[PDB]
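Next comes just one chain, in structure tokens: the form deposited in one PDB entry.
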């Protein structure tokens, strides 16, 4: 059921809960690091951390996936790019004209899966 509700008044400036992202990656995604928390194994190489600016969100996103997440890249509403990181296995899926709200998933020694919650425009 993805829904939302707003509480409170009109002032202040917006913020998002999803503030930064890095991955460890080789032939697949070994890990995803979200707001500085690590999920997945120790294999592969650690990427730079992408930290969202104020009012910046993921608008375009590409994931390769089979049994695991094989690869990820994304772009933001401000033309900033992350990746691609990972291998060529899996099949490509793309999200276009979106605003990503949250990234959940499941992870063992590898990044098994990703659940992306988002708005579709």
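Residue numbers count along the first chain shown, from 1. For the two forms, the rigid core is made up of the largest set of C-alpha atoms that agree within 1.5 Å on superposition. Residues that one form lacks are left out of the comparison.
Unshown form deposited in another entry; subsequent notes refer to it.
After aligning the rigid core, which of 16, 20, 102, 106 is the one whose Cα travels 2 Å or more between this form and the one not shown?
So the only displaced C-alpha belongs to 16.
Do residue 116 and residue 15 have their C-alpha atoms closer or farther apart in the other form than here, with the shift being 3 angstroms or more?
Pair moves closer in the other form.
Do residue 16 and residue 106 have their C-alpha atoms closer or farther apart in the other form than here, with the shift being 3 angstroms or more?
Note: Cα gap between residue 16 and residue 106 shrinks in the other form.
Enumerate, in order of sequence, every stretch of at least three consecutive residues present in both forms where each C-alpha is displaced by 2 angstroms or more between this form and the one not shown, superposition done on the rigid core.
After superposition, only residues 1-17 shift as a run.
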